[PDB]
Every structure is written in C-alpha cells, then in structure tokens.
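> need the 3D shape of this:
(chains A, B, C, D, E and F)
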Amino acid sequence: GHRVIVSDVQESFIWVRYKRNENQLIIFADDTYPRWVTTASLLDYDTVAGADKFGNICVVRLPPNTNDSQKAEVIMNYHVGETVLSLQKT
Amino acid sequence: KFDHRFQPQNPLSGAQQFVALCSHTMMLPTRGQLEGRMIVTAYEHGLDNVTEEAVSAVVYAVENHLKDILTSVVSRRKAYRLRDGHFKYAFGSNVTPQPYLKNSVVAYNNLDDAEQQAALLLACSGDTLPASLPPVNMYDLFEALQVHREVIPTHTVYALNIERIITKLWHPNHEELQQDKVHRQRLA
Amino acid sequence: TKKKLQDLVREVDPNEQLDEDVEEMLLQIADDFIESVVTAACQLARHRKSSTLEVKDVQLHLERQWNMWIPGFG
Amino acid sequence: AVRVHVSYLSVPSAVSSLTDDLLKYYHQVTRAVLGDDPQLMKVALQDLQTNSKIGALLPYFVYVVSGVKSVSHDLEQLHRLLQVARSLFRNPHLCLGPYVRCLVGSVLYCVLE
Amino acid sequence: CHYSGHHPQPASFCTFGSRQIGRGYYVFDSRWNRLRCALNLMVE
Amino acid sequence: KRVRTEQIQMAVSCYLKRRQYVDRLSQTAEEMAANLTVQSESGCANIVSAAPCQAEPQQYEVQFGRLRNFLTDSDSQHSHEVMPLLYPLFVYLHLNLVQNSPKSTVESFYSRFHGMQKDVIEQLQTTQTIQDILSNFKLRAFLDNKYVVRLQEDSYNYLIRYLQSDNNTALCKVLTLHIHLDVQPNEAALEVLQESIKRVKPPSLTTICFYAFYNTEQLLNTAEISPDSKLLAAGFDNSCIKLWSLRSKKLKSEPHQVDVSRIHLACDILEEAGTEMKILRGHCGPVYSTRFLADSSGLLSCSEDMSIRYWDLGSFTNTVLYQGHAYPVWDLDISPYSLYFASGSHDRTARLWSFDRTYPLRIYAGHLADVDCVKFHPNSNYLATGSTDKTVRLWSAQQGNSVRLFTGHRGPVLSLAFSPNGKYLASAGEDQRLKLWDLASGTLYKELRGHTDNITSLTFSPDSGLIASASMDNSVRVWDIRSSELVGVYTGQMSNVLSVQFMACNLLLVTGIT
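Numbering: from 1, shown residues only, chains lettered A, B, ... in the order given. See below for the structure:
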C-alpha cells in the first residue's frame, strides 16, 4: 500500500514508490550485494525476504530514515545448501 | 542634484507634412521612371520648370555609388595590384608574387615573348588547385561596411540600412546538415 | 530590359556572383541614395532665393560631402 | 597576484553561547532527543535539517567527541549518533569545508575495532 | 556656454527621414504614397 | 499646463471603452498551457495571404505525380512515417477539384491515379458537385476537420526539404489549411515552539570570504567566480582576460593546431608546464562583462568591439565569434541550466541569442536609452531590461513582448536580480535606493535607503530571505527580506567591491581591489 518492491534478476532488491498526484516511479534505495533473486516474500511492512538460484536466503532490514545514499544493510544471511524457490510465513 | 542633468532632444518631433518605388521591380531607375518621382517630391517644396540635366546627374551619381559599393565588397575577398598609387585595375588572378622568394625579388627588381611573361605572373606563386570563394552572402557585405565606413558618409542612409542587414543574417544549423548528408548518400 | 544588376557587376569584375537577397538591399541602398540627394538638392533649391530651380551647378556644390565629382558640364 | 584571506564579523563573540536562545535548546537535544525515547527522531531530525543556524561550532563537536571517544563500548547510542550525523551531511546549508580534520578522525575511530 | 533651467534646443538635429501621417504614424519617406491617396480620397 | 494623475486615469478608461475592454493574474500553468493551445491555432495564417492565386489548369497531377516518384524510391528508413501521408492528400486535392469544379480535369486526376478505405474513394467517384458534398453529411464534416499526423522531427525535416522545390506551392496550400502536423522531439509542545522560533532568524550567517587583487595598474572591469569554485576569471581594460586556479590543480593546456591570436605568416610549418597564470588575448578593446556556463565548460565575455567571442575550456582559445549588434555591448549574462543568453547594446535594445547560431533570434525594442542591465528569470522564460531612462521593463523569452513597465527611479538603474522563488524582483541604481517590485501586483512595497553611493550588483540568498547590495562607498550591507532590516554592515578596508554572489551554505564572496 505504500511502496513497490522490485526483485531484480541481477540486483538484490529495488524499492520504488509510486505517487498518486505526481504519478512517477521514484527509485531511492538499492542493495550492495548482487543476488540472483528467484522469488520474494513479505513478512511485514519493513522486512522483505528473497531467495537465490543456489539456496541463499536473506532478510533485509531498512533503516527508519529512508526517502519514502540508502544502501541496504543485511542482518541475517544463510545458505541452505539446496535450491530454494519459495518463501512463505504462516 | 539629478535635475541638472539634461535630456537628449528627440529628433522625432521635427517632421515634415504630407499632402497629396523602384524596389520590387529589380530595375535600376531609368530616365522615365525617375521623372515621376522628382516632380512629385518637388511639389511639396514648390519647384517649377523641371529640367533634364539634373535627372541625368542623379542617375550617374547612383551608378557611381553602386560601383563603389561593389568595388569595396570585392576588394575584401579578392586580390589586386596598385599602379602609381591608389589605382585598382587588376581585380583578377594571382599575378602578385610571394615576397619571401628570392626569385620574386629579382623579378620585382627587373620591373612568343608575350606568353612567357604571362607565365612569369600566373605561375610563379600560388597553389596547385586555387579554390574560389563562395558567392557574396549577407555576412561579407556587413563586414565590408564596418571596416571602410567611407562609402556612405550620411548617417541617415548608413544607419537605417545596417540594422536591416543584421536581420538578414542566416546560416544552416545542425539539423539541415543531415539532410545534405542523406541526399549525398542517395545519389552515390 | 537593360542594365538591371548583372551588367554593372561585369562592369567591374567579370567573375563575381551576388546572392538573391543581396540584390534587393543594393536597390534599397540606391533608393535611399536617390531620396537623400533630391531632398538635399531641393533644400538648396529653396535656398537660392527662397526658391529658384533644380540646378546642376548647385548639385556640384552638394557633392563635396560625398567626395565625388560628376564628369558632366558644370 | 591573488591571495585568499577569510575575515570574521579568535572567538569573535560567537563561540560562547550567550544569545539567550541556545542553552535551552541545547538541553532539550542532549537529554530528550538521544537515547531511550522513541517516536521523536523523525520530527526533530527534519526540523534540524531545514534550519542551518551555523556559527556556534561548539555542540556538534561535543556529541561526536563524547559519543565516539566515550560511548565506543556501548550500544543503542552510537547507531543514532551516526543517523543524526548523516542527516547533517545531507543539509545543503552547513559549511563543513574547513572542518574536515576535526570530524573524520573520529569517524576513523568508529570503524577502528 | 550658458547656464539656465531650460534645455538648450539646437533646432538643427539630424532630421531622420520621417513624415507625420495620422499624427501617430510615421513613414520612412516612401512606400506609403499611392495607398494614402487611395484611402483618403475614397474613405473621406 | 500641468498634467495631473486623475485625468490620465480617465484617458486610459476612455481608451478601454473605445476598444471595448469592459470585460486575471494566476500562477497555475495548466490553464496557461490550455490557453496557449487555444491561441496557437486560432486563425493561423502564414501563406494564406501568399496563396497560389493562379489559374494553373495542369498543376495538381504533375505535382502529385512527382510525390510518388521521389517518396517511394531509394528510401526505407524515413518512409514509414510519411507513406501514410500520401493517402489523404489525394482525397483533399479531390475536394479542391470539387471546389473549382472543372469538367475533365477532375475526372482525369481520379481516373489516372485511382490506385492511391474503399468506401471513401467510391463516395468521391459518385460525387462531383459541392452541393452533394454538403448533402452527404459526412464529407461536409471532412472538409471542416483536419487530419492530424504524429510524425517525428526527422520525417518533417524530410518533408520540409521536398516542399521547397519547384512547383510545390499548390501542395503547400493543403498543408497550411487541411493538415495539422505534430512534432515530437506526549504533548510535544517544545517541538512546536522551536518550529516557530528557529524558523525566524540576526542570522549571523555571513561567512565572508574575500578575494584580493594586489598592486597593479589602475584598471579592472569585472571578476566572476565559477559556481563550482574551480576557476576565477577577470577582465582587464587592455583586452586581457586572466584565469586563476582556486583549488591548486595546475591545469594543463591541450594542443589545438589552430590559433587565432597568432599571425602564422607563410614561412611557417605546422608542427603538431606551468599554471596559476594564463592570459586570454582575443578582444580588441575593453571587456565589459564576463560570465560562465554554470558548468565550468566555457566562458562568455562581451567586449567594446561590437562582438561576443565565446571562450573554450578544452582548447583554451577563442572558438566562436558573434558579430551581432555592431554596436558597443554593455552587459552580458547567461540563462540558468545553460540554455540561451542575451546582451544589451547602444541601440536602445537587447537581443536574445542561442548556442547554435551566430545571429540574434529575438529583438526587444521600446527603450529610450542604452540598456545597461539585463537578467534571466530562474525558469528561463522572462527577461528584465534596465536603462538610464528611469524605467525597468519585463520581457518574454518566447514571444518577445513587454508585459510590465516599472517606473519610479530618480535616475539610471545599475543592478538587477531575480529572486530564487521567482516571485520578487529587485532594482537599484544611482538614486541610492534599493527597490523591490512584485511580479504580480506591479507596485512597490518597500523603500530601502542604506547606501549613500552607487549600487553595483545585487544577489539573492538561496533561501530568498537575505540579499547583499555591493556599493562603491566600501560597504557591503546584507539585509533581511523575510534601514532597520540589516543583518551586518561590513567595513570597507579596500578601494571598492566588485561582485557578491551566493551559491550555497550562505557563503559570502566579496571581490575587491587593494
């Protein structure tokens, strides 16, 4: 309802916000680590998860100070050892 | 303080009354066409007994004035040589030698048989392929008046024409150049 | 008809070309020259005895500012 | 010959906080904008981002010196100290040109160990 | 070489070629001869 | 006798009644753009007066026949956007044949080239009089409407090349009349208090920096600082322009193989360091202005020799010459974002320029004396030209019209500046007064009297709240916009002050002569 998360085949994550009155896609944040993202999942408003072609699952936390210069940090990175193609929390 | 400074007098206030072309015809004014203009402009000043010698003098004055304009313009684009001072006669080829050549120095000091002398003038200096200049555009005449400033001494005539010369300046931009390139790549 | 603009160019330089927009400017130069001369001549005409005539003699006295001399009778 | 010299208009009656408009604001920002209380960073940082009010030169150095050289072994303070510092670099009305030696040296302390 | 409040008028200025027609409109000595006759002897 | 103001006002009202002005200053650009669409086609007439009013019994088919021969041969890249154009041209010319109604000319044109949907063609075949066109209820709307084509600029440039050839005036009549083309290039009360107090700034944000010129000959015209603080340019009286370095980079010059200041007599052969000093000798007389391009990529500087000579920073020599006014040039300045530029001369006019042509584009006339000051609006749409006739005008960079006229100065105007928000205007001159004018109301609202000498230049602060007025009495006074509204008075220890400029961070640059 607030932003659009774009999963790039080369980049990790792209955060884009689309305005209603301006009607323009604005890119403000990115990620330093290049990842072959296959799928993505949403846990809550701030956390965005992503998969990998080889089995690398990571959760990216964005700082509260974002332009809703913004290189995304990583708090958890783990390799299963097998190819994971779906993430879902329930 | 500021009241002591004067203001320029407006020349527009003083004008003449009007109670009652030879520009689009591409003609020099002949004897008959100028007669109508003299009589209509002399009625305002109150002149009588229209003569004929004055019309001829005006026509020849215009002819000389236009010759001076063209002589001034060509002289800024072509070479010439001076005979006994200020006389310009050649207005032609490259008979003038290069002064940094010793062969030209002895030739300068010197001054069937006629053809060889022409070779000494037409072939002792220059380039293998002398390229001619483009035709006179609106730029060459504009610069010719700036340098000389002697052809037209009157300010009422020189001024009003020079801004019209400025407004007629034109040269192709980048966009038209591709069209020339496209056309040149089509005929080949 | 006769002597429009090209033959006067040949009268000075045999090989010289003029652009299409340059010809009209020269005619306007001549047009302004004609008006300036006749207006000054009429001013001198009204100066002789408040008006006398358009005189070729006083035109010679007028051409001193133009630095030209007519080869006419005078 | 051309030379560059900067005039003042040492301590040109501006280092000392005696304008009767900074002591109260200094107290609020040092004990109520840093540390425990949440849901106050965004409003305060945005207000500080707009106003420049440069020329005191005292307080910004104090937080960096006292927050890096003394709170280097503690958490929950330095993260917010970097956040307020980063917003200061994003303020286009702060003259941080001649003050690179007094701030970068403490920045290298943060990455050290 | 005098001093007075009034502006010294030479009354012999460069007299740029311009005639007054309609008291607001000015002509550069030509190109408005036949038309002025046409619209003054007909309209009024 | 003496003309009073009340009888002037009724004269204006009387003229409004004569011309029926019995019957709006908004800021929204949506309706202005909507208006610009309305009057950009409201009775367009360019070749209407010069229409081909000739008999010409045999022009349409010979002209249109030339169209298929040139536009369908040896062209594939530029043909896809113009092939559809040949379809309605036959139909429009057929209607023109209906209008003049020939006997066999219209039949020959349709029969010989029937190959260039089908319902439109068959309707034209069965109708040959204008009355049937009016009674068809479909072709009548066809004539009263235009066929819009959305083509690129290159395709139009291809079309604009063909239409200039011989025997194309008749075809141009349809284009100027029937076809319209398109070109696409927890109280939290403490935080409330500081929001109301910190916003209002004695800001004490001077941060003054001085650049000094040492003992030289008593001649110096102007000195401009690059917006990125990389170079320093100054203009001397003896046609000398010197470039200094402000970051100690020791820049080196690149070979150019073509020089202007060198004679290069015929006895030469074309054969293919230090810094902190480099004379630029390109002009003949004094240089009266020096401006940058806001990118440190070039240098514009007008001179007294009726010419504008662009300076290059890649070859570091004179590259482009502008033979324009043919009269001495007083002031020169650059538009923001490096789009256009303009200058004033002695002919009581200012001329708009461009970076692609060596001749002026627009003419701004109406002044009574030489133009000494001219500036660009921050949106690069409006110009203000000042002169010594105690008048300040406001021109438009697009149409070339004066929308406003500001009067009230006691003498000449020597400084003009546009506010960063683009809603205020400042003017000062020899009257020792600083004036502020509103771009909407057009009436003065402040009377600022702080200087006892001439005011040289004006520069607004980035926040549009402060302004610095450099004067000749050795006093740089910075006043507050948002003689009791001054922040700080600078005492002059030097001969004079040349230029004051704000870039960012409230940095003050005052240039003077020791």
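> quick one: the closest residue to residue D:64 other than its chain neighbours from chain B, how far?
Of all residues not flanking residue D:64 in the chain, residue D:106 sits nearest, at 5.1 Å (Cβ to Cβ, 6 or more residues apart in numbering or on different chains). In this view, the C-beta of every residue, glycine as well, is placed from N, C-alpha and C. Distance from residue D:106 to chain B, counting by Cβ to the nearest Cβ, to the nearest Å: 54 Å.
> which residues does residue D:106 contact?
When the contact criterion is Cβ atoms under 8 Å, 6 or more residues apart in numbering or on different chains, the partners of residue D:106 are D:64-65, D:68-69.
> could you rerun that using 10 Å?
If you count contacts by Cβ atoms under 10 Å, 6 or more residues apart in numbering or on different chains, residue D:106 has them with D:61, D:64-65, D:67-69, D:85.
> please apply the same query to residue F:171.
F:52, F:59-60, F:63-64, F:66-67, F:89, F:92-93, F:162-163.
> picking that back up, and the contacts of residue D:106, which of them are buried?
D:64, D:67-68, D:85 (16 or more other Cβ atoms under 10 Å in any protein chain shown).
> what's the closest of those residues to residue F:147?
Closest approach between the buried ones among the contacts of residue D:106 and residue F:147, by Cβ to Cβ: residue D:85, at 63.0 Å.
> how about the closest one: what's its closest non-neighbour residue?
Counting by Cβ to Cβ, 6+ apart, residue D:64 is the residue found nearest to residue D:85 once chain neighbours are left out, at 7.2 Å.
> elements contacting the helix or strand hosting the one you found?
For residue D:64, the enclosing helix or strand under DSSP states H and E is helix D:59-68. Applying 3 or more Cβ pairs under 10 Å, 6 or more residues apart in numbering or on different chains; DSSP states H and E, one finds that helix D:59-68 contacts helix D:23-31, helix D:78-89, helix D:101-111.
> if you set the cut-off to 6 Å instead, what comes out?
Under the contact criterion of 3 or more Cβ pairs under 6 Å, 6 or more residues apart in numbering or on different chains; DSSP states H and E, helix D:59-68 touches helix D:101-111.
> and chain D, which residues reach chain A?
For chain D, the contact set with chain A under Cβ under 6 Å from any Cβ of the partner chain comprises residue D:83.
> in stretch D:50-63, which residues are buried?
D:52-56, D:60, D:63.
> how far does it stretch from one end to the other?
Its start and end residues considered, stretch D:50-63 measures 20 Å (Cα to Cα, to the nearest Å).
> swap in stretch F:72-82?
End-to-end distance for stretch F:72-82, by Cα to Cα: 10 Å.
> in a markdown table: the buried residues of stretch D:50-63, plus secondary structure.
Shown next, in a markdown table, are those (DSSP: H, G, I helix; E, B strand; the rest coil):
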| residue | secondary structure |
| --- | --- |
| D:52 | coil |
| D:53 | coil |
| D:54 | coil |
| D:55 | coil |
| D:56 | coil |
| D:60 | helix |
| D:63 | helix |
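> show me which of those is closest to residue F:465.
residue D:52 (11.4 Å).
> quick one: the residue nearest to that closest one when sequence neighbours are not counted and residue A:65, what's the gap?
In space, and not counting its chain neighbours, residue D:52 is closest to residue D:93: 3.6 Å by Cβ to Cβ, 6+ apart. Residue D:93 sits 19 Å away from residue A:65, going by Cβ to Cβ, to the nearest Å.
> between the two, who's got more neighbours?
Applying other Cβ atoms under 10 Å in any protein chain shown to residue D:93 and residue A:65 shows that residue D:93 carries more neighbours, namely 18 against 15.
> doesn't the more buried one belong to a strand?
No: assigned with three-state DSSP, residue D:93 falls outside any strand and is coil.
> separation between it and residue D:48?
As judged by Cβ to Cβ, residue D:93 and residue D:48 stand 11 Å apart.
> over to residue F:186?
Distance, residue F:186 to residue D:48, by Cβ to Cβ: 19 Å.
> more neighbours: which of those two?
residue D:48 (18 against 6).
> you'd agree that one is in a strand?
No: using three-state DSSP, the secondary structure at residue D:48 is helix, not a strand.
> how near is the closest residue in space to residue D:26 that isn't next to it in sequence to chain E?
Using Cβ to Cβ, 6+ apart and skipping residues adjacent in sequence, the residue nearest residue D:26 is residue D:59, 6.0 Å away. Distance, residue D:59 to chain E, using Cβ to the nearest Cβ: 66 Å.
> show me the strands in the stretch 251-400 of chain F, by range?
When assigned using DSSP state E, counting those that start in this stretch, the strands of the stretch 251-400 of chain F occupy the ranges F:279-280, F:298-299, F:307-312, F:318-323, F:329-334, F:341-345, F:350-352, F:362-364, F:371-376, F:382-387, F:391-396.
> out of those, which comes closest to chain A?
Between chain A and these, the tightest spacing by Cβ to the nearest Cβ is seen for strand F:382-387, at 25.8 Å.
> and the contacts of the closest one?
With Cβ atoms under 6 Å, 6 or more residues apart in numbering or on different chains as the test, strand F:382-387 has contacts from F:350, F:367, F:369, F:371, F:373-375, F:392-395, F:397, F:413, F:416.
> report the secondary structure state of the one residue in chain B that gets nearest to chain A.
Nearest residue of chain B to chain A, counting by Cβ to the nearest Cβ: residue B:175, 30.7 Å away. Secondary structure, three-state DSSP: residue B:175 is helix.
> setting aside sequence neighbours, what's the nearest residue to residue 5?
You didn't pick a chain, so chain A it is. Closest to residue A:5 by Cβ to Cβ, 6+ apart is residue A:48, at 5.3 Å.
> sorry, should have said chain C
Spatial nearest neighbour of residue C:5, excluding adjacent residues (Cβ to Cβ, 6+ apart): residue C:23 at 5.4 Å.
> the one you found: which element?
helix C:20-45.
> CA atoms only for the helix or strand following that helix, dumped as CSV, please.
The helix or strand immediately downstream of helix C:20-45 is helix C:56-62, counting by DSSP H and E. The C-alpha trace of helix C:56-62 is given here as CSV (Å, rounded to 0.1, in the frame of the first residue of the first chain):
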residue,chain,number,x,y,z
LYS,C,56,23.0,71.2,-61.9
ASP,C,57,25.5,73.8,-60.8
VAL,C,58,24.4,73.7,-57.1
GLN,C,59,24.4,69.9,-57.3
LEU,C,60,28.2,70.1,-57.9
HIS,C,61,28.5,72.1,-54.7
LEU,C,62,26.4,69.5,-52.9
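> now do the buried residues in helix C:56-62.
Per 16+ other Cβ under 10 Å, helix C:56-62 contains these buried residues: C:56, C:58-60, C:62.
> next one: stretch A:25-35
Neighbour counts over stretch A:25-35 (16+ other Cβ under 10 Å) mark A:29, A:31, A:35 as buried.
> that stretch near chain D at all?
No: on the criterion Cβ under 6 Å from any Cβ, stretch A:25-35 is out of touch with chain D, staying 12.8 Å away.
> please state the offset of that stretch from the chain centre?
Chain-centre distance of stretch A:25-35: 8 Å, with Cα atoms, centre = their mean, to the nearest Å.
> stretch F:274-292 too?
Here stretch F:274-292 shows a centroid-to-chain-centroid distance of 26 Å under the convention Cα atoms, centre = their mean.
> what's the answer for stretch F:172-190, then?
Computed by Cα atoms, centre = their mean, the chain-centroid distance of stretch F:172-190 equals 19 Å.
> tell me which residues are up against that stretch.
With contact meaning Cβ under 6 Å, 6+ apart, stretch F:172-190 is reached by D:28, F:46-47, F:92, F:146-150, F:153, F:156, F:163.
> weed out the non-buried ones from the residues you listed.
Buried subset of the contacts of stretch F:172-190 (neighbour count, 16+ other Cβ under 10 Å): F:92, F:147, F:149, F:156.
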